[PDB]
Every structure is written in structure tokens, then in C-alpha cells.
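Have a look at the structure below before the remarks.
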Amino acid sequence: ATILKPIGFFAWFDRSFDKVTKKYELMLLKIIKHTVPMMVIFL
Amino acid sequence: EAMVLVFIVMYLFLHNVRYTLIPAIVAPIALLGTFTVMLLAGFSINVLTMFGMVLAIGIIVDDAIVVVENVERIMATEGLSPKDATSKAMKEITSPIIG
Amino acid sequence: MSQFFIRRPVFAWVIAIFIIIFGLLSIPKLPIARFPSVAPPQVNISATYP
Amino acid sequence: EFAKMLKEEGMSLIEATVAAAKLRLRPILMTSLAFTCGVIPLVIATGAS
């Protein structure tokens, strides 16, 4: 609280993280479509 | 060496030094307290204890990193005042941290 | 609540200073060795029958 | 944790879990990669130990 003050490479990193989370949501939904195969793979 | 690496990547993710400072200070104090507890218990400085401390370096900072990420993200998104925002973020993230 | 130290930074700061100071004091006195006394203790008995 | 809470507010369990994963993906990576960084000094070692 004390240290914090109100406010290229970092922009690239942030946009990469945004793309990663979008693909993550899509992939997670796709996995949710296939549940029993994931359970068998876990076993 | 481990410490600096533990530091480095954090900044790489935080992309702001001042955010990365808070997790860093947590570790040295924890290790010093561990040394105090060893003194009280009578444990010596062994290669085993030092290896355990090297392993710990990563784990020690996780609690600070979780709260730092939560406060930074919530401040960036909602845009509330830093103090109220960090108090709120502490309110949300108390249970996961303690668990 | 767990907000007492958030209200006043001085208390948390002094706690951290105490932890740091006591650890700095403690490190010198700690014994140093490669490994602890893991090995089983041994007691030897010697008898001579000339 | 966040999945169960989102269930508590009444969010659908599947939609709750997916959103919880999306939100909490960052700190999980932050604490996993931090630990991995700590262990890298050991794995790549050239000393007598």
C-alpha cells in the first residue's frame, strides 16, 4: 500500500498473455466436451 | 543464485520493478527467522538444511506473489484507489493463502 | 479482520526489523558441519586376556 | 477454491470452473515457474557437489 503509486517488450508480453488466456478458455471448453477420455487418461 | 533467478522471472511477469520488490523482501526475513528457530532448537548449519533452504526459496515467495498479482490485476482493471483496492484484494485472497 | 498492521505500517516494519536483527545475531552462533549426527552411536568394550 | 465459491454465488459449475481457471491461471504459473527457477541452479551444476 505504501510503495504502490497510482498510474514494447512488456506490451508484447501482455498481449501474449491475453492470447494465451483466450486460447486457454477455448481449449478448456474443448476438454470439457471430452470428459470420460480425460478420466481414462488420468487413470 | 536461486534468489536472483526467483527475483528475475517475477519482474519479467510483473514488468514493473516496484511490484516485484514486495515479494523479494519476504524471503530474507523468513530465512533469518528460520536461522533463529534453528538456534533455539539447536540445529547446526548443515548441507541438508541449506539445501532445504535452497528448495524453499521458491516456495517462500508464493504467498507474496499471489497477493501481489491479485492487487495489481484488480487495481489495473477496476481502477480504484491503491489503498482500498489492496485492502479488498487482501480480503478476497486470505483463504487461499492461509490454506 | 487482519487489518491492524495494514492500518499502521510502523508495527509491521518494527516486527520485520526485529526478525531481521535476531536472525543476524543468531547466524554467528550456529554450529557448522557437513552432516548431522545421523550415524548410529557406537560404544566399544575392550577386554584383554594375556 | 474459486470454482467452489463461484458455485456458491450460483454460477453454473462448468462455467464457474472454466472462468475460475481463466482468472487463476496467472498466479499458478507465477508460483510454479518461480519454484522451477529456484531449482534450475541445482539441475545445471558443474561443481564437485
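Residue numbering restarts at 1 for every chain of the C-alpha cells, chains are lettered A, B, ... in their displayed order, and ligands are numbered from 1 as they appear.
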> Counting only C-alpha atoms, which residues from chain D have an atom at most 7 Å from any atom of chain B, and could you show them as a PyMOL selection string?
Replying inline: chain D and resi 27+31+34-35+37-39+41
I need the chosen residues saved as a compact mmCIF listing (two decimals), in the first residue's frame, with N, CA and C atoms.
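Final output, saved to out_3.txt:
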```
# COMPACT_ATOMS: atom_id res chain seq x y z
N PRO D 27 -1.56 -16.66 -11.34
CA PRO D 27 -0.77 -16.95 -10.13
C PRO D 27 -0.24 -18.37 -10.07
N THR D 31 3.75 -19.02 -9.39
CA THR D 31 4.34 -19.80 -8.28
C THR D 31 4.99 -21.10 -8.75
N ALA D 34 8.29 -19.76 -10.54
CA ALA D 34 9.21 -19.28 -9.52
C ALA D 34 9.94 -20.43 -8.83
N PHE D 35 9.23 -21.51 -8.50
CA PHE D 35 9.88 -22.67 -7.91
C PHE D 35 10.84 -23.32 -8.90
N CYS D 37 12.50 -21.87 -11.23
CA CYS D 37 13.69 -21.04 -11.29
C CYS D 37 14.61 -21.33 -10.11
N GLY D 38 14.04 -21.53 -8.93
CA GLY D 38 14.85 -21.88 -7.78
C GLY D 38 15.58 -23.20 -7.97
N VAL D 39 14.94 -24.16 -8.64
CA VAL D 39 15.58 -25.47 -8.78
C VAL D 39 16.57 -25.51 -9.93
N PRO D 41 19.21 -23.73 -10.64
CA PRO D 41 20.63 -23.72 -10.24
C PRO D 41 21.15 -25.10 -9.89
```
> For chain A against chain B, which residues fall within 9 Å using only C-alpha atoms, given as an NGL selection string?
Replying inline: :A and (1-7 or 9-10 or 13-14)
Convert the current residue selection to file output with N, CA, C and O atoms, as a PDB file, in the first residue's frame.
```
ATOM      1  N   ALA A   1       0.827  -1.202   0.000  1.00  0.00           N
ATOM      2  CA  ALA A   1       0.000   0.000   0.000  1.00  0.00           C
ATOM      3  C   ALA A   1       0.864   1.254   0.000  1.00  0.00           C
ATOM      4  O   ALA A   1       0.585   2.216  -0.725  1.00  0.00           O
ATOM      5  N   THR A   2       1.923   1.259   0.811  1.00  0.00           N
ATOM      6  CA  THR A   2       2.787   2.433   0.885  1.00  0.00           C
ATOM      7  C   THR A   2       3.578   2.625  -0.406  1.00  0.00           C
ATOM      8  O   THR A   2       3.624   3.731  -0.957  1.00  0.00           O
ATOM      9  N   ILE A   3       4.205   1.558  -0.904  1.00  0.00           N
ATOM     10  CA  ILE A   3       5.102   1.692  -2.047  1.00  0.00           C
ATOM     11  C   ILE A   3       4.324   1.982  -3.325  1.00  0.00           C
ATOM     12  O   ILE A   3       4.744   2.803  -4.150  1.00  0.00           O
ATOM     13  N   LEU A   4       3.186   1.316  -3.518  1.00  0.00           N
ATOM     14  CA  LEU A   4       2.443   1.460  -4.763  1.00  0.00           C
ATOM     15  C   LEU A   4       2.035   2.909  -4.993  1.00  0.00           C
ATOM     16  O   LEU A   4       1.602   3.608  -4.073  1.00  0.00           O
ATOM     17  N   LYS A   5       2.177   3.357  -6.240  1.00  0.00           N
ATOM     18  CA  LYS A   5       1.775   4.684  -6.666  1.00  0.00           C
ATOM     19  C   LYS A   5       0.750   4.565  -7.786  1.00  0.00           C
ATOM     20  O   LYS A   5       0.911   3.712  -8.672  1.00  0.00           O
ATOM     21  N   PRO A   6      -0.308   5.378  -7.791  1.00  0.00           N
ATOM     22  CA  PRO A   6      -1.278   5.298  -8.890  1.00  0.00           C
ATOM     23  C   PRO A   6      -0.622   5.580 -10.234  1.00  0.00           C
ATOM     24  O   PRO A   6       0.279   6.415 -10.346  1.00  0.00           O
ATOM     25  N   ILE A   7      -1.084   4.869 -11.258  1.00  0.00           N
ATOM     26  CA  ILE A   7      -0.568   5.041 -12.611  1.00  0.00           C
ATOM     27  C   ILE A   7      -1.724   5.286 -13.574  1.00  0.00           C
ATOM     28  O   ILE A   7      -2.811   4.731 -13.408  1.00  0.00           O
ATOM     29  N   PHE A   9       8.600  -4.485 -25.097  1.00  0.00           N
ATOM     30  CA  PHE A   9       8.733  -5.853 -24.606  1.00  0.00           C
ATOM     31  C   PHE A   9       7.610  -6.196 -23.635  1.00  0.00           C
ATOM     32  O   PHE A   9       7.011  -7.275 -23.720  1.00  0.00           O
ATOM     33  N   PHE A  10       7.302  -5.284 -22.709  1.00  0.00           N
ATOM     34  CA  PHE A  10       6.224  -5.535 -21.759  1.00  0.00           C
ATOM     35  C   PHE A  10       4.871  -5.587 -22.459  1.00  0.00           C
ATOM     36  O   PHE A  10       4.008  -6.396 -22.101  1.00  0.00           O
ATOM     37  N   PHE A  13       4.618  -8.895 -24.056  1.00  0.00           N
ATOM     38  CA  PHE A  13       4.354  -9.918 -23.050  1.00  0.00           C
ATOM     39  C   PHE A  13       2.888  -9.910 -22.633  1.00  0.00           C
ATOM     40  O   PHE A  13       2.265 -10.970 -22.496  1.00  0.00           O
ATOM     41  N   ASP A  14       2.318  -8.721 -22.429  1.00  0.00           N
ATOM     42  CA  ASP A  14       0.925  -8.625 -22.003  1.00  0.00           C
ATOM     43  C   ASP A  14      -0.019  -9.152 -23.078  1.00  0.00           C
ATOM     44  O   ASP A  14      -0.970  -9.886 -22.782  1.00  0.00           O
TER      45      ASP A  14
END
```
> as a ChimeraX atom specification, which residues of chain A does DSSP assign to alpha helix (DSSP H)?
Replying inline: /A:9-33,36-42
Restrict the selected residues to N, CA and C atoms and save them as a compact mmCIF listing (two decimals), in the first residue's frame.
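Generated file (part_7.txt):
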```
# COMPACT_ATOMS: atom_id res chain seq x y z
N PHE A 9 8.60 -4.49 -25.10
CA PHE A 9 8.73 -5.85 -24.61
C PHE A 9 7.61 -6.20 -23.64
N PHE A 10 7.30 -5.28 -22.71
CA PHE A 10 6.22 -5.54 -21.76
C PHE A 10 4.87 -5.59 -22.46
N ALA A 11 4.66 -4.73 -23.46
CA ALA A 11 3.42 -4.78 -24.22
C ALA A 11 3.29 -6.10 -24.97
N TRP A 12 4.39 -6.55 -25.59
CA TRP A 12 4.37 -7.86 -26.25
C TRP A 12 4.03 -8.96 -25.25
N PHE A 13 4.62 -8.90 -24.06
CA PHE A 13 4.35 -9.92 -23.05
C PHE A 13 2.89 -9.91 -22.63
N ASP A 14 2.32 -8.72 -22.43
CA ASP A 14 0.93 -8.63 -22.00
C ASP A 14 -0.02 -9.15 -23.08
N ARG A 15 0.22 -8.78 -24.34
CA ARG A 15 -0.64 -9.28 -25.41
C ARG A 15 -0.48 -10.78 -25.59
N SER A 16 0.74 -11.29 -25.39
CA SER A 16 0.94 -12.74 -25.44
C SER A 16 0.15 -13.43 -24.34
N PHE A 17 0.14 -12.85 -23.14
CA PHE A 17 -0.65 -13.43 -22.05
C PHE A 17 -2.14 -13.40 -22.38
N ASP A 18 -2.62 -12.30 -22.98
CA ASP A 18 -4.03 -12.23 -23.36
C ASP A 18 -4.38 -13.31 -24.38
N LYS A 19 -3.53 -13.48 -25.40
CA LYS A 19 -3.75 -14.54 -26.37
C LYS A 19 -3.72 -15.90 -25.70
N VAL A 20 -2.80 -16.09 -24.76
CA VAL A 20 -2.69 -17.37 -24.06
C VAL A 20 -3.96 -17.67 -23.29
N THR A 21 -4.52 -16.66 -22.61
CA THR A 21 -5.73 -16.91 -21.82
C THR A 21 -6.94 -17.15 -22.72
N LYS A 22 -7.00 -16.48 -23.88
CA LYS A 22 -8.08 -16.76 -24.82
C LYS A 22 -8.01 -18.20 -25.31
N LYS A 23 -6.83 -18.62 -25.78
CA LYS A 23 -6.65 -20.00 -26.21
C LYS A 23 -6.91 -20.96 -25.06
N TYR A 24 -6.58 -20.55 -23.84
CA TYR A 24 -6.81 -21.39 -22.67
C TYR A 24 -8.29 -21.61 -22.44
N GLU A 25 -9.09 -20.55 -22.56
CA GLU A 25 -10.54 -20.70 -22.42
C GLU A 25 -11.09 -21.64 -23.49
N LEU A 26 -10.67 -21.43 -24.74
CA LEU A 26 -11.16 -22.28 -25.82
C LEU A 26 -10.78 -23.74 -25.58
N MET A 27 -9.51 -23.99 -25.25
CA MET A 27 -9.05 -25.36 -25.02
C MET A 27 -9.75 -25.98 -23.83
N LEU A 28 -9.98 -25.20 -22.77
CA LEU A 28 -10.68 -25.73 -21.60
C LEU A 28 -12.09 -26.16 -21.96
N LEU A 29 -12.81 -25.34 -22.73
CA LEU A 29 -14.14 -25.75 -23.16
C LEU A 29 -14.06 -27.03 -23.98
N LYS A 30 -13.09 -27.10 -24.90
CA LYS A 30 -12.95 -28.29 -25.73
C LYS A 30 -12.71 -29.53 -24.87
N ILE A 31 -11.86 -29.41 -23.85
CA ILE A 31 -11.62 -30.54 -22.95
C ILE A 31 -12.89 -30.90 -22.21
N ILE A 32 -13.64 -29.90 -21.74
CA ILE A 32 -14.89 -30.18 -21.04
C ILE A 32 -15.83 -30.98 -21.93
N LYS A 33 -15.78 -30.74 -23.24
CA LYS A 33 -16.58 -31.57 -24.14
C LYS A 33 -16.20 -33.04 -24.02
N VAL A 36 -14.86 -38.16 -20.26
CA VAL A 36 -14.50 -39.56 -20.00
C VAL A 36 -13.13 -39.90 -20.56
N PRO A 37 -12.77 -39.48 -21.78
CA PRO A 37 -11.39 -39.73 -22.24
C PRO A 37 -10.34 -39.13 -21.32
N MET A 38 -10.57 -37.93 -20.79
CA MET A 38 -9.62 -37.35 -19.84
C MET A 38 -9.53 -38.18 -18.57
N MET A 39 -10.66 -38.68 -18.07
CA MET A 39 -10.63 -39.51 -16.87
C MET A 39 -9.83 -40.79 -17.13
N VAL A 40 -10.05 -41.42 -18.28
CA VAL A 40 -9.31 -42.64 -18.62
C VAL A 40 -7.83 -42.33 -18.75
N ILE A 41 -7.49 -41.20 -19.36
CA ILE A 41 -6.09 -40.82 -19.50
C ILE A 41 -5.46 -40.57 -18.13
N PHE A 42 -6.23 -39.98 -17.21
CA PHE A 42 -5.72 -39.78 -15.85
C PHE A 42 -5.42 -41.11 -15.19
```
> Got a sec: who's within 7 Å of residue 26 of chain C, counting only C-alpha atoms, leaving out chain neighbours fewer than 5 positions off, as a PyMOL selection string?
Replying inline: chain B and resi 35-36+39
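Put simply, atom CA of residue 30 of chain B is 16.0 Å away from atom CA of residue 97 of chain B.
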> What residues in chain B have any atom no more than 8 Å from chain C when counting only C-alpha atoms, and can you write them as a ChimeraX atom specification?
Replying inline: /B:28-29,32-36,38-39,42-48,87
Considering only C-alpha atoms, give me a table of residues in chain C that are at most 12 Å from chain A, with the closest atom pair and distance in Å for each, as CSV.
```
residue,atom,partner,partner_atom,distance
C:5,CA,A:1,CA,11.2
C:6,CA,A:1,CA,8.0
C:7,CA,A:1,CA,9.9
C:8,CA,A:2,CA,10.2
C:9,CA,A:2,CA,8.1
C:10,CA,A:2,CA,11.1
C:13,CA,A:2,CA,11.6
```
> atom CA of residue 28 of chain D to atom CA of residue 27 of chain B: how many Å, to one decimal?
Replying inline: 18.9 Å
Select from chain D every residue with an atom at most 10 Å from any atom of chain A, then for each give the shortest pair of atoms and their distance in Å to one decimal, using only C-alpha atoms, rows by chain and rising number, as JSON lines.
```
{"residue": "D:14", "atom": "CA", "partner": "A:32", "partner_atom": "CA", "distance": 8.0}
{"residue": "D:15", "atom": "CA", "partner": "A:29", "partner_atom": "CA", "distance": 9.0}
{"residue": "D:17", "atom": "CA", "partner": "A:28", "partner_atom": "CA", "distance": 9.6}
{"residue": "D:18", "atom": "CA", "partner": "A:28", "partner_atom": "CA", "distance": 6.6}
{"residue": "D:19", "atom": "CA", "partner": "A:25", "partner_atom": "CA", "distance": 7.8}
{"residue": "D:21", "atom": "CA", "partner": "A:25", "partner_atom": "CA", "distance": 8.2}
{"residue": "D:22", "atom": "CA", "partner": "A:21", "partner_atom": "CA", "distance": 6.3}
{"residue": "D:23", "atom": "CA", "partner": "A:21", "partner_atom": "CA", "distance": 8.7}
{"residue": "D:25", "atom": "CA", "partner": "A:21", "partner_atom": "CA", "distance": 7.9}
{"residue": "D:26", "atom": "CA", "partner": "A:17", "partner_atom": "CA", "distance": 8.8}
```
What does the file look like for those residues with N, CA and C atoms, as a compact mmCIF listing (two decimals), in the first residue's frame?
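Once everything was written out, this is part-v8.txt:
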```
# COMPACT_ATOMS: atom_id res chain seq x y z
N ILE D 14 -19.82 -25.84 -14.46
CA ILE D 14 -18.87 -25.90 -15.57
C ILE D 14 -18.40 -24.50 -15.94
N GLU D 15 -19.34 -23.57 -16.11
CA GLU D 15 -18.98 -22.20 -16.44
C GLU D 15 -18.24 -21.54 -15.28
N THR D 17 -16.16 -23.21 -13.21
CA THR D 17 -14.81 -23.77 -13.20
C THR D 17 -13.96 -23.20 -14.32
N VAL D 18 -14.53 -23.07 -15.52
CA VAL D 18 -13.75 -22.56 -16.65
C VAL D 18 -13.31 -21.12 -16.38
N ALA D 19 -14.23 -20.30 -15.88
CA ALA D 19 -13.90 -18.91 -15.58
C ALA D 19 -12.89 -18.83 -14.44
N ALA D 21 -10.59 -21.06 -13.73
CA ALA D 21 -9.30 -21.41 -14.32
C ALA D 21 -8.73 -20.25 -15.11
N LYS D 22 -9.56 -19.57 -15.90
CA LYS D 22 -9.07 -18.44 -16.68
C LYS D 22 -8.54 -17.34 -15.77
N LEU D 23 -9.23 -17.07 -14.66
CA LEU D 23 -8.82 -16.00 -13.77
C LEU D 23 -7.56 -16.36 -13.00
N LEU D 25 -5.28 -18.69 -13.70
CA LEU D 25 -4.16 -19.23 -14.45
C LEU D 25 -2.87 -18.49 -14.14
N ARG D 26 -2.94 -17.16 -14.00
CA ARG D 26 -1.71 -16.39 -13.82
C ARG D 26 -0.98 -16.78 -12.54
```
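When atom CA of residue 20 of chain D is paired with atom CA of residue 91 of chain B, their separation reads 17.4 Å.
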